[PDB]
Structure formats: structure tokens, C-alpha cells
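Asker: Below: one structure in C-alpha cells.
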Amino acid sequence: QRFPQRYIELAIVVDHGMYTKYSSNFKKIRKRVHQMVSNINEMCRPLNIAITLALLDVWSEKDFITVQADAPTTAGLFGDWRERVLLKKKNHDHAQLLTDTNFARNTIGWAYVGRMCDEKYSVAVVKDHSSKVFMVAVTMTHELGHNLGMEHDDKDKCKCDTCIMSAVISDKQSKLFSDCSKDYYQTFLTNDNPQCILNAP
């Protein structure tokens with residue numbers, strides 16, 4: 003393998019709007035979240051990262067944070083709640099909030115760059131913006147990529163046009179990480195090397 007074995011234990015939180023969107027059907031939601039995780043796991047296979055779902059939390063009654071239009075603001079509130087509440091329920095490495103919120107600036111996903119394992123900043127927020135599971139899962143993977151220290155693909159650095167870290171998603175979206183992405187991940191493992199992803203479940 004090009005990379006050493008790593009493990010990311012995910013917590014996925016489905017907010018109340020998304021719960022309502024799927025007819026308040028917990029089983030339907032769980033199936034969809036599992037299908038998303040299976041895609042994230044497949045996309046990280048070439049990075050030698052095993053992706054597991056450590057925790058699924060569905061906000062079936064009400065939202066515990068204000069899931070607002072500005073994605074960065076929502077991500078900060080989510081990180082706070084993840085550190086204060088979710089991590090106390092079950093340990094995990096990274097958490098993503100799935101929502102049906104129409105985020106400002108036509109945003110479908112957002113995450114902090116290079117903060118994997120951080121108690122508050124190892125998070126992403128993702129809009130359930132397509133009926134196609136893969137389109138949402140690749141957005142979750144793109145945000146995970148940012149959290150693993152990846153920036154967008156740049157044509158001078160690598161040639162892939164439709165890879166996961168492309169600057170904009172497309173209908174022809176690939177499930178592959180570009181060489182720009184792999185090089186950023188190598189830099190991240192060399193310079194940051196966060197301990198939580200070294201630990202297998």
C-alpha cells in the first residue's frame with residue numbers, strides 16, 4: 003500500500019429536518035446512513051483507511067443546535083455539541099451532521115481543514131442534497147478529506163478533473179482521490195500524525 007493502515011471511527015448525526023424529510027422513518031434513515039458509510043469506506047480504500055460507523059444519532063424530536071443557513075457557523079455549533087455531548091456517549095474520531103438545510107451560498111458541505119481527531123474541530127456538516135446516495139456520500143468524503151488536511155485539486159499539481167477533492171462537484175463525479183489529495187494526506191501523516199486514527203476499534 004502507498005499508505006500505512008489508519009482507522010476512522012465516525013459518528014453520524016441526522017438532524018430533525020432530515021428525519022422529517024424521510025417520513026420520520028428511523029429504519030429508512032439508518033439504511034441510508036449505512037449506505038453512505040459503505041461508500042465513504044470504499045472511497046478511502048486506496049488511502050488504506052478503514053472507515054467504521056461508531057455511532058448513529060437521529061434527532062427524532064428536535065434539533066439540539068441551531069442548524070442555520072451559514073454552514074461554517076453550524077459546523078462550529080455542531081463541534082461544540084459533539085465535544086460536550088456526543089463524545090461523552092461513545093468515543094469516535096470524527097463526526098458529521100447530515101441535514102436538509104438549504105445552506106447559504108449554495109453550500110452542500112463544509113469542514114475544518116486538517117483537524118482530524120480534534121475534540122471540537124474533527125467535524126463536518128453535509129447537506130442531503132441529492133436523492134443519489136453516492137452524491138451525498140462523496141460530499142461527506144470530500145469534507146473528510148479536508149479534515150485530513152487536503153485542499154482542492156489544482157491542475158498544475160495533478161491532472162484529475164473529477165476526483166473527490168475537485169473544487170466543485172459534478173454529475174460525472176469520480177470516487178477516486180487525486181494525486182494532489184494523496185500527496186496532502188502524506189503531508190498530514192508526516193507533519194500532524196494524529197493519534198486517534200492509529201487506534202483500531
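If you count the sequence shown from 1, position 166 lands on 168 in the entry's author numbering, and the numbers rise without skipping. Virtual Cβ for every residue (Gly too), placed ideally from N, Cα, C.
1) Please report how far the alpha carbon of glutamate 44 lies from the alpha carbon of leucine 178, in whole angstroms.
2) Quick one: give me the first and last residue of the beta strand (DSSP E) that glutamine 98 is part of.
3) Which residue from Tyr123, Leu146, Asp194 puts its Cα closest to that of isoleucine 42?
4) Would you please state the rounded distance, in angstroms, between the beta carbons of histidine 94 and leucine 12? I believe it to be under 8 angstroms.
5) Name the one or two DSSP bridge partners that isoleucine 51 has.
6) How is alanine 13 classed by DSSP in three states: helix, strand or coil?
7) In terms of residues, what are the limits of the alpha helix (DSSP H) holding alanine 126?
8) Leaving aside the five residues before and after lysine 159 along the sequence, list all residues of the same chain whose C-beta is less than 7 angstroms from its C-beta, in chain order.
9) Please work out which residues of its chain come closer than 6 angstroms, Cβ to Cβ, to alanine 202, disregarding the five sequence neighbours upstream and downstream, and give them in chain order.
10) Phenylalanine 80 and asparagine 50: beta carbons closer than 8 angstroms?
11) Please name the residue, chosen from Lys184, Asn193, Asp194, that lies closest to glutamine 3 on a Cα-to-Cα basis.
12) Please list, in chain order, all residues of the same chain as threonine 143 whose beta carbon is under 6 angstroms from its beta carbon, the five residues on each side excluded.
13) Is there contact between the segment 111-122 and the segment 65-85, where contact requires at least three CB pairs shorter than 8 angstroms?
14) Span of the alpha helix (DSSP H) holding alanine 73?
15) Can you list, in chain order, the residues of its chain whose CB lies under 8 angstroms from that of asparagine 104, leaving out five sequence neighbours each side?
16) Taking only the alpha-carbon atoms, compute the straight-line gap between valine 15 and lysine 174 and give it to the nearest angstrom.
17) Taking only runs of the beta strand (DSSP E) that begin and end inside the segment 116-198, which ones reach a length of at least 3 residues, in chain order?
18) Would you mind reading off the limits of the beta strand (DSSP E) that contains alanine 113?
19) Between the beta-carbon of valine 135 and the beta-carbon of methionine 38, is there less than 8 angstroms?
20) What are the partner residues of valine 60, as DSSP defines its beta bridges?
21) I believe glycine 19 touches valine 87 by the beta-carbon criterion, under 8 angstroms. Please report the beta-carbon distance rounded to the nearest angstrom.
Answerer: This is what the structure gives:
1) When rounded, the separation of the alpha-carbon atoms in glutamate 44 and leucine 178 is 9 angstroms.
2) Residues 96-101.
3) Ranking the options by Cα distance to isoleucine 42, first place goes to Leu146.
4) 6 angstroms
5) Residue pairing by DSSP places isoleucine 51 opposite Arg8 in a beta bridge.
6) strand
7) Careful: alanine 126 lies outside any alpha helix (DSSP H), inside the beta strand (DSSP E) at 125-129.
8) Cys182
9) Exclusion of the five residues before and after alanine 202 leaves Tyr9 as the residues of its chain whose Cβ lies within less than 6 angstroms of its Cβ.
10) no
11) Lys184
12) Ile42, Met45, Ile166, listed in sequence order.
13) yes
14) 73-83
15) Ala71, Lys129
16) 28 angstroms
17) 125-129
18) 111-113
19) yes
20) DSSP lists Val16 as partners of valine 60.
21) Actually they are not in contact, since the Cβ atoms of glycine 19 and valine 87 sit about 19 angstroms apart, beyond 8 angstroms.
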